[PDB]
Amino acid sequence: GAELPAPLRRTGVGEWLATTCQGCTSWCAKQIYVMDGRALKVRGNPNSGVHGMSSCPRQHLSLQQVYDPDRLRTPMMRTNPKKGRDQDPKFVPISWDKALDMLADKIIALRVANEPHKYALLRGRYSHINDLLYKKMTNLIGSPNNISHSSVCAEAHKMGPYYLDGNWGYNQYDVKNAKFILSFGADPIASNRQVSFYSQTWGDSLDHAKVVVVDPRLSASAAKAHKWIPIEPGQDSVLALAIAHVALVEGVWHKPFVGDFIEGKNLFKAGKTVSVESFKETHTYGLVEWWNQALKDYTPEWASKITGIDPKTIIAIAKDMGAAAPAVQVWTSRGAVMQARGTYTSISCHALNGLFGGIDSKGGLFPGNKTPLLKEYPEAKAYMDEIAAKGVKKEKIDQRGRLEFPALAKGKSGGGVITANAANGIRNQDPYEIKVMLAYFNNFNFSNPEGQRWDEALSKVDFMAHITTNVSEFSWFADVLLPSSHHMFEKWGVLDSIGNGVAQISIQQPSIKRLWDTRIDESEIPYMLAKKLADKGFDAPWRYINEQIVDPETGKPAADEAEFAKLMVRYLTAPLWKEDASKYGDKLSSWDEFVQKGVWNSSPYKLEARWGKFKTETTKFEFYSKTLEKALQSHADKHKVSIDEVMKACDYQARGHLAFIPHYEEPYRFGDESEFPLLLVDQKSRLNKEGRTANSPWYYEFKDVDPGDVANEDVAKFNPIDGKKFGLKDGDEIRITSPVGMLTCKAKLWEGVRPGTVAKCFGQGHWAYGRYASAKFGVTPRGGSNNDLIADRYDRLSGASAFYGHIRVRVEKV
């Protein structure tokens, strides 16, 4: 135990290798420290322009994922032909060649029978090399059913940005220059999409920004904010609309962006209409129409009656935002908008970003910077045979585009995925049966609301293969398991991130020798499957790969699996390192320099870039969304109904012009409030790497970094008022029941919970995944599975699943 002499000391002499973390869609650039062939540490990549060395705490849990003792080391096949929660699959090990043979035989049988559309590809997480496995392979087989997870993620959060300013996507928030931050449910030092960077900056920003957090629970961000507004779930838009109302009455919209009355005098008087011709809008459209049709009556008193918020607080917030403009940013979280009528909460909250001029402004918010990363491999039309051309025209299994499922992504009827509804199409064989399914990086039985519907659906699929590191809940229903090399340590990939005024592109690369007999989901596996299909007489995918996915420097196809894995990344990133990317950001001299740095950074965002040229119908920032009217009109015309009939069929309250402006939709609620007196407030753990750290012991050891939670436990948090009402004490074993299901967990009394609600982290309740994540693997869960409580409901205008606002529950001691 003597200290080692200097020549034999080991501190600091190991190797740092660049990769990318995917614990959340922050997608931080990382370096991995390697010594004795083992990954020992993770840090933020110092070359990153978004976040630098800053990181959230979950980077360290990555090390218990790659070295998870319940990872699969071999392909497997089930030997119990029955599937179900009660059916042990009795998996036995097989070779890759045998596993892909079974899958290939089933795919080819579909084509021979002229039913290629009965194939489905399911995608959970992914990297930007996904186009081959997700889209090209699927369409070449002849199926339209490439089903992402986007609608169980955040599609409703894109409705406001798209239908108001043309951005079907996320924003970055300029916190370093903000003077007012208003968060509707966002908790950016714990979740959302740059936890590393917003954690870096949040505390410092409190010295120049006033911060208000609107959330039914006291989140970490609210605990470090100037005001916590404990909103009743589903009432966010009431506050957003009343703030806008006060802004107009007080005359404190941002005139350089919005415009002004022609004669100077502010004519917005509460309750009274204004002449449209009296106002000259600059970069916006529809302000007076919005006022005349609804906003003139969304007074602070109206809002206080619904929410209990002091009207003086509403007025003070509106005035503070007016004085801070344009250095004003409004965040929306999933909690505010992933509700059955949530499209109009996204619109109502995001409208404030236009009203106070924050959109594309200093201290405001704006989209990701332009980069030259390619996102698709070459077109495959020339490789489509007649079977495939017919199949890809079939209705999608998720029923997108039907009257009651407009899913208006990017303005198109049926434009968006409806992930959770694919289970309903499958189990009802409507539009048709799914007979062959390939799925990767996903666990929809656990992550989708009312996931037992996925139990039911998958039990009815003739053949399914799951590409996964662990035997998760979804894997339980697979015929074949195809073990994936771990995305962060054993894979070639590429991702991007936005924040700090920049967009970055980062590499994923293997940092260790491959541990087990696994293959990379998005490159090696489709390559091997294409070879197997070609051996069996269907060579279109193989020809597509070998003729179109060739090296950007040599023009040669990959010689083998390992080369192909790297080639997939080289191909899409060639504009960064083979060509001169100086016009967009960094100049990289070679592929090797890109790999060594591990990240490419854009130049800083040009403020006001989009002013006067939004990708909306008017090219303006639309308070009256002609963009959404055009999309709804298209959907209505498709189904030979009026727009009002669309609204009625999709269970929105809006009629007439209200369908196109920010307005109040009463939140949808399910269940009798007398039997189910509490509203569920679902939240993420700040130690969740999505649904993937429940088999990491360090997760449990530090679980109380979630404010109010308890180490090594799964707790539901009740206000002490409700604890007294229901006879609950800390540590009591409890059952929580909704109209659709139940879970068991433990009780915690916490004053940071709005009375009448119960705040509980999603992430526990696994009955599979591994030995730490479950009580008895395959049988008994650890903790309680939130989504068993959440009825299968949709924001039908976006396709999004609802996880918030509508869930009523009751509680009792077990």
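One rule holds for the numbers: they count along the sequence shown, beginning at 1.
Between the stretches 731-739 and 219-227, it is 731-739 that shows the larger average CA temperature factor. Higher mean CA temperature factor, per the PDB entry, when comparing 777-785 with 57-65: 777-785. Per the PDB record, 654 has a higher Cα B-factor than any other of 159, 327, 654, 352. Which of 470, 442, 282, 508 has the largest Cα B-factor in the deposited entry comes down to 282. Sorting the modelled residues of the chain by their CA temperature factor places residue 163 in the middle third. When the CA B factors of the chain's modelled residues are split into thirds, the value for residue 614 lands in the highest one. Annotation for residue 599: CA B-factor lies in the lowest third of the chain's modelled residues.
Sort the modelled residues of the chain by CA B factor and residue 275 lands in the highest third. In the PDB entry, a CA B factor belonging to the middle third of its chain's modelled residues is recorded for residue 567.
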